[PDB]
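> What follows is coords32.tsv, made up of TSV, N, CA and C atoms:
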chain	number	residue	atom	x	y	z
V	22	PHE	N	-15.01	5.36	-23.82
V	22	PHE	CA	-14.34	5.95	-24.97
V	22	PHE	C	-15.27	6.91	-25.72
V	23	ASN	N	-16.45	6.45	-26.12
V	23	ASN	CA	-17.42	7.35	-26.72
V	23	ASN	C	-18.25	8.02	-25.64
V	24	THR	N	-18.80	9.19	-25.96
V	24	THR	CA	-19.66	9.86	-25.01
V	24	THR	C	-21.07	9.27	-25.05
V	25	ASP	N	-21.70	9.22	-23.88
V	25	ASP	CA	-23.06	8.71	-23.72
V	25	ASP	C	-23.96	9.86	-23.31
V	26	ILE	N	-24.91	10.22	-24.18
V	26	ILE	CA	-25.81	11.32	-23.90
V	26	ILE	C	-27.12	10.81	-23.32
V	27	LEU	N	-27.56	11.42	-22.22
V	27	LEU	CA	-28.89	11.24	-21.64
V	27	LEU	C	-29.09	12.30	-20.57
V	28	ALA	N	-30.30	12.84	-20.49
V	28	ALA	CA	-30.65	13.85	-19.50
V	28	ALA	C	-31.16	13.27	-18.20
V	29	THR	N	-30.65	12.11	-17.78
V	29	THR	CA	-31.01	11.59	-16.46
V	29	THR	C	-29.83	11.65	-15.50
V	30	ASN	N	-28.61	11.67	-16.04
V	30	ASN	CA	-27.43	11.41	-15.21
V	30	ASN	C	-26.99	12.65	-14.44
V	31	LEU	N	-27.35	13.84	-14.93
V	31	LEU	CA	-26.63	15.06	-14.59
V	31	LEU	C	-27.52	16.18	-14.07
V	32	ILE	N	-28.84	16.12	-14.31
V	32	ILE	CA	-29.78	17.15	-13.88
V	32	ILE	C	-29.84	17.14	-12.36
V	33	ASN	N	-29.75	15.94	-11.78
V	33	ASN	CA	-29.61	15.79	-10.34
V	33	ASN	C	-28.28	16.35	-9.85
V	34	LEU	N	-27.28	16.41	-10.72
V	34	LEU	CA	-25.96	16.83	-10.29
V	34	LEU	C	-25.77	18.33	-10.44
V	35	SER	N	-26.49	18.94	-11.38
V	35	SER	CA	-26.38	20.37	-11.60
V	35	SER	C	-26.97	21.16	-10.44
V	36	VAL	N	-28.12	20.72	-9.92
V	36	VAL	CA	-28.76	21.40	-8.80
V	36	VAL	C	-27.88	21.33	-7.56
V	37	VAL	N	-27.31	20.15	-7.32
V	37	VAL	CA	-26.40	19.92	-6.20
V	37	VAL	C	-25.15	20.77	-6.31
V	38	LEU	N	-24.53	20.80	-7.49
V	38	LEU	CA	-23.29	21.55	-7.65
V	38	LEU	C	-23.55	23.05	-7.61
V	39	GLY	N	-24.73	23.49	-8.05
V	39	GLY	CA	-25.09	24.89	-7.91
V	39	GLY	C	-25.33	25.30	-6.47
V	40	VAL	N	-26.09	24.49	-5.72
V	40	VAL	CA	-26.35	24.77	-4.30
V	40	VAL	C	-25.05	24.77	-3.51
V	41	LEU	N	-24.16	23.82	-3.82
V	41	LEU	CA	-22.91	23.75	-3.10
V	41	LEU	C	-21.99	24.90	-3.47
V	42	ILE	N	-21.95	25.30	-4.75
V	42	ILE	CA	-21.06	26.41	-5.12
V	42	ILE	C	-21.56	27.73	-4.55
V	43	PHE	N	-22.88	27.95	-4.55
V	43	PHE	CA	-23.41	29.19	-3.98
V	43	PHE	C	-23.23	29.25	-2.47
V	44	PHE	N	-23.74	28.25	-1.74
V	44	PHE	CA	-23.68	28.35	-0.29
V	44	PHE	C	-22.26	28.10	0.20
V	45	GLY	N	-21.45	27.43	-0.62
V	45	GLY	CA	-20.05	27.23	-0.29
V	45	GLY	C	-19.21	28.46	-0.53
V	46	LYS	N	-19.47	29.23	-1.59
V	46	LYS	CA	-18.74	30.48	-1.76
V	46	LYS	C	-19.17	31.48	-0.70
V	47	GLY	N	-20.44	31.41	-0.28
V	47	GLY	CA	-20.89	32.25	0.82
V	47	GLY	C	-20.16	31.96	2.12
V	48	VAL	N	-20.28	30.73	2.62
V	48	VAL	CA	-19.68	30.44	3.92
V	48	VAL	C	-18.16	30.33	3.80
V	49	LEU	N	-17.65	30.05	2.61
V	49	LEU	CA	-16.21	29.91	2.44
V	49	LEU	C	-15.55	31.28	2.36
V	50	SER	N	-16.13	32.22	1.61
V	50	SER	CA	-15.60	33.58	1.60
V	50	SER	C	-15.77	34.23	2.96
V	51	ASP	N	-16.87	33.95	3.65
V	51	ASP	CA	-17.02	34.52	4.97
V	51	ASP	C	-15.94	34.02	5.92
V	52	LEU	N	-15.70	32.71	5.93
V	52	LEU	CA	-14.68	32.16	6.80
V	52	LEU	C	-13.27	32.59	6.41
V	53	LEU	N	-12.97	32.48	5.12
V	53	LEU	CA	-11.63	32.77	4.65
V	53	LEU	C	-11.33	34.25	4.83
V	54	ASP	N	-12.31	35.07	4.50
V	54	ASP	CA	-12.17	36.51	4.65
V	54	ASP	C	-12.00	36.89	6.11
V	55	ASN	N	-12.75	36.22	6.99
V	55	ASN	CA	-12.59	36.50	8.41
V	55	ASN	C	-11.18	36.16	8.87
V	56	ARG	N	-10.65	35.04	8.40
V	56	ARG	CA	-9.29	34.65	8.76
V	56	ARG	C	-8.28	35.67	8.26
V	57	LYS	N	-8.50	36.16	7.04
V	57	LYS	CA	-7.60	37.16	6.48
V	57	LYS	C	-7.63	38.43	7.31
V	58	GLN	N	-8.82	38.83	7.74
V	58	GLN	CA	-8.95	40.01	8.57
V	58	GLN	C	-8.21	39.83	9.88
V	59	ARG	N	-8.33	38.65	10.47
V	59	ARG	CA	-7.61	38.39	11.71
V	59	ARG	C	-6.09	38.45	11.51
V	60	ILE	N	-5.59	37.92	10.40
V	60	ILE	CA	-4.15	38.02	10.12
V	60	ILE	C	-3.71	39.48	9.95
V	61	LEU	N	-4.55	40.27	9.29
V	61	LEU	CA	-4.27	41.69	9.13
V	61	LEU	C	-4.24	42.40	10.47
V	62	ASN	N	-5.15	42.01	11.35
V	62	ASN	CA	-5.23	42.53	12.70
V	62	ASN	C	-3.96	42.20	13.47
P	112	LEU	N	1.52	31.26	-3.34
P	112	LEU	CA	0.54	31.92	-2.50
P	112	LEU	C	0.89	31.79	-1.03
P	113	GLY	N	1.43	30.64	-0.64
P	113	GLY	CA	1.81	30.42	0.74
P	113	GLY	C	2.90	31.40	1.12
P	114	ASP	N	3.86	31.57	0.23
P	114	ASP	CA	4.94	32.50	0.46
P	114	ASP	C	4.39	33.91	0.54
P	115	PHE	N	3.43	34.25	-0.32
P	115	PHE	CA	2.84	35.58	-0.29
P	115	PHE	C	2.16	35.82	1.05
P	116	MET	N	1.44	34.81	1.55
P	116	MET	CA	0.75	34.95	2.82
P	116	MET	C	1.77	35.18	3.90
P	117	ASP	N	2.84	34.40	3.88
P	117	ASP	CA	3.85	34.55	4.90
P	117	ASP	C	4.47	35.92	4.84
P	118	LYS	N	4.76	36.40	3.64
P	118	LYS	CA	5.40	37.69	3.49
P	118	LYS	C	4.51	38.74	4.07
P	119	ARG	N	3.23	38.72	3.73
P	119	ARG	CA	2.38	39.77	4.26
P	119	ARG	C	2.28	39.70	5.76
P	120	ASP	N	2.13	38.50	6.31
P	120	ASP	CA	2.03	38.40	7.76
P	120	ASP	C	3.29	38.85	8.48
P	121	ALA	N	4.45	38.48	7.94
P	121	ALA	CA	5.72	38.85	8.53
P	121	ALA	C	5.91	40.35	8.47
P	122	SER	N	5.52	40.93	7.35
P	122	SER	CA	5.67	42.35	7.16
P	122	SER	C	4.85	43.03	8.22
P	123	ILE	N	3.67	42.50	8.50
P	123	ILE	CA	2.85	43.16	9.50
P	123	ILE	C	3.38	42.92	10.90
P	124	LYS	N	3.81	41.69	11.18
P	124	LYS	CA	4.34	41.38	12.50
P	124	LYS	C	5.61	42.15	12.78
P	125	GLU	N	6.45	42.28	11.76
P	125	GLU	CA	7.69	43.03	11.85
P	125	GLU	C	7.40	44.49	12.11
P	126	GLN	N	6.37	45.02	11.46
P	126	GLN	CA	5.99	46.40	11.69
P	126	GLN	C	5.58	46.55	13.14
P	127	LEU	N	4.79	45.62	13.66
P	127	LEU	CA	4.41	45.74	15.06
P	127	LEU	C	5.63	45.68	15.97
P	128	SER	N	6.56	44.78	15.69
P	128	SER	CA	7.73	44.66	16.55
P	128	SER	C	8.55	45.94	16.52
P	129	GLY	N	8.71	46.50	15.33
P	129	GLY	CA	9.50	47.71	15.16
P	129	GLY	C	8.84	48.86	15.89
P	130	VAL	N	7.52	48.92	15.77
P	130	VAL	CA	6.73	49.88	16.51
P	130	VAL	C	6.90	49.57	17.98
P	131	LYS	N	6.95	48.29	18.34
P	131	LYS	CA	7.22	48.03	19.75
P	131	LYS	C	8.67	48.42	20.06
P	132	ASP	N	9.57	48.12	19.14
P	132	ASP	CA	10.97	48.44	19.33
P	132	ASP	C	11.17	49.95	19.48
P	133	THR	N	10.50	50.73	18.64
P	133	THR	CA	10.64	52.18	18.70
P	133	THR	C	10.14	52.70	20.03
P	134	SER	N	9.03	52.16	20.52
P	134	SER	CA	8.49	52.67	21.77
P	134	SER	C	9.48	52.47	22.91
P	135	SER	N	10.08	51.29	22.97
P	135	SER	CA	11.06	51.03	24.01
P	135	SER	C	12.26	51.94	23.86
P	136	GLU	N	12.70	52.15	22.62
P	136	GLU	CA	13.82	53.05	22.41
P	136	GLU	C	13.50	54.46	22.91
P	137	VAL	N	12.30	54.96	22.61
P	137	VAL	CA	11.93	56.29	23.12
P	137	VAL	C	11.83	56.34	24.64
P	138	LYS	N	11.33	55.28	25.26
P	138	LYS	CA	11.31	55.26	26.72
P	138	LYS	C	12.73	55.33	27.27
P	139	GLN	N	13.65	54.58	26.67
P	139	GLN	CA	15.04	54.64	27.10
P	139	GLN	C	15.60	56.05	26.90
P	140	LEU	N	15.28	56.69	25.78
P	140	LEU	CA	15.80	58.02	25.52
P	140	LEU	C	15.32	58.96	26.61
P	141	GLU	N	14.04	58.88	26.94
P	141	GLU	CA	13.50	59.79	27.93
P	141	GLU	C	14.17	59.55	29.27
P	142	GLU	N	14.36	58.28	29.63
P	142	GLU	CA	14.96	58.00	30.93
P	142	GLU	C	16.38	58.53	30.98
P	143	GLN	N	17.12	58.34	29.90
P	143	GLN	CA	18.50	58.80	29.88
P	143	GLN	C	18.54	60.32	30.00
P	144	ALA	N	17.64	61.00	29.30
P	144	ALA	CA	17.63	62.45	29.36
P	144	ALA	C	17.33	62.91	30.78
P	145	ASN	N	16.37	62.26	31.43
P	145	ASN	CA	16.00	62.65	32.78
P	145	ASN	C	17.19	62.45	33.71
P	146	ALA	N	17.87	61.32	33.56
P	146	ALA	CA	19.00	61.03	34.43
P	146	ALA	C	20.10	62.06	34.23
P	147	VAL	N	20.35	62.42	32.97
P	147	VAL	CA	21.39	63.39	32.66
P	147	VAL	C	21.06	64.75	33.27
P	148	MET	N	19.80	65.16	33.19
P	148	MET	CA	19.45	66.49	33.67
P	148	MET	C	19.70	66.56	35.16
P	149	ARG	N	19.32	65.50	35.85
P	149	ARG	CA	19.54	65.37	37.28
P	149	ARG	C	21.01	65.51	37.64
P	150	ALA	N	21.87	64.85	36.88
P	150	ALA	CA	23.30	64.92	37.13
P	150	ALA	C	23.77	66.36	37.10
P	151	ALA	N	23.44	67.07	36.03
P	151	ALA	CA	23.85	68.47	35.91
P	151	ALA	C	23.56	69.21	37.21
P	152	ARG	N	22.27	69.35	37.50
P	152	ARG	CA	21.78	70.02	38.70
P	152	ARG	C	22.51	69.59	39.96
P	153	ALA	N	22.32	68.32	40.32
P	153	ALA	CA	22.94	67.75	41.51
P	153	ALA	C	24.45	67.99	41.54
P	154	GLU	N	25.10	67.69	40.42
P	154	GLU	CA	26.54	67.88	40.30
P	154	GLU	C	26.95	69.30	40.69
P	155	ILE	N	26.36	70.29	40.02
P	155	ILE	CA	26.68	71.68	40.31
P	155	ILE	C	26.42	72.04	41.77
P	156	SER	N	25.29	71.58	42.31
P	156	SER	CA	24.96	71.87	43.71
P	156	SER	C	26.09	71.38	44.61
P	157	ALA	N	26.45	70.12	44.43
P	157	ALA	CA	27.52	69.50	45.20
P	157	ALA	C	28.79	70.32	45.08
P	158	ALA	N	29.15	70.66	43.85
P	158	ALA	CA	30.34	71.46	43.59
P	158	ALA	C	30.36	72.75	44.42
P	159	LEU	N	29.28	73.53	44.34
P	159	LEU	CA	29.22	74.79	45.10
P	159	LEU	C	29.36	74.56	46.60
P	160	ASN	N	28.65	73.54	47.09
P	160	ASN	CA	28.72	73.21	48.51
P	160	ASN	C	30.17	72.94	48.91
P	161	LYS	N	30.81	72.05	48.17
P	161	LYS	CA	32.18	71.71	48.48
P	161	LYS	C	33.01	72.96	48.29
P	162	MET	N	32.78	73.65	47.19
P	162	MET	CA	33.47	74.91	46.97
P	162	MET	C	33.08	75.97	47.98
P	163	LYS	N	31.79	76.04	48.31
P	163	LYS	CA	31.33	77.00	49.29
P	163	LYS	C	31.96	76.71	50.63
P	164	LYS	N	32.01	75.43	51.00
P	164	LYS	CA	32.62	75.06	52.26
P	164	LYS	C	34.09	75.44	52.27
P	165	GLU	N	34.79	75.19	51.17
P	165	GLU	CA	36.20	75.53	51.14
P	165	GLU	C	36.40	77.03	51.28
P	166	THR	N	35.57	77.81	50.61
P	166	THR	CA	35.70	79.26	50.71
P	166	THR	C	35.47	79.70	52.14
P	167	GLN	N	34.45	79.13	52.78
P	167	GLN	CA	34.12	79.51	54.14
P	167	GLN	C	35.30	79.20	55.03
Here is the file; what I need is its structure written in the form of structure tokens.


Amino acid sequence: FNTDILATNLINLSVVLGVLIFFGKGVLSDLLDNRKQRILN
Amino acid sequence: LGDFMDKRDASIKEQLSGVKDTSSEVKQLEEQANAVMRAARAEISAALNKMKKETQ
């Protein structure tokens, strides 16, 4: 119910979510874009 | 979005088919024209021969 503040729970999660969003938008846009190009073809 | 994807793909596939459809239609047109031209020529030749033979 109340929020619990501490800088231990999430610093590990920010690095992970950043790495996943960057390398995931890279390989995901590459794959998705490739599929779109094939459909256009 | 799914509908949009389908619409775009169909529009493209339909364009290809129509382009395929047009090509076949033009091939048929050319064949018909060739056949018709042949008829004219051959027809007239035959006519003269039959007519030429009758005159002779």

> Residues of chain P near chain V: apply a cut-off of 8 Å, count only N, CA and C atoms, and supply the list as number ranges by chain.

P: 119-120, 123-124

> Please put the answer as lines of an AutoDock Vina configuration file: centre and edge lengths, in Å with one decimal, of a box along x, y and z that encloses all listed atoms of segment 37-50 of chain V plus 8 Å on each side.


center_x = -21.4
center_y = 27.1
center_z = -2.1
size_x = 27.8
size_y = 30.3
size_z = 28.0

> Between atom N of residue 127 of chain P and atom N of residue 56 of chain V, what is the distance, to one decimal in Å?

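So the two atoms, atom N of residue 127 of chain P and atom N of residue 56 of chain V, lie 19.4 Å apart.
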
> Rounded to one decimal, what separation in Å do you get between atom C of residue 135 of chain P and atom C of residue 58 of chain V?

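That distance, rounded to one decimal, is 27.6 Å.
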
> Tell me, in Å to one decimal, how far atom CA of residue 164 of chain P is from atom CA of residue 147 of chain P.

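Atom-to-atom, atom CA of residue 164 of chain P and atom CA of residue 147 of chain P are spaced 25.4 Å apart.
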
> As a ChimeraX atom specification, please: all residues of chain V that backbone DSSP puts in helix (DSSP H, G or I).

/V:32-61
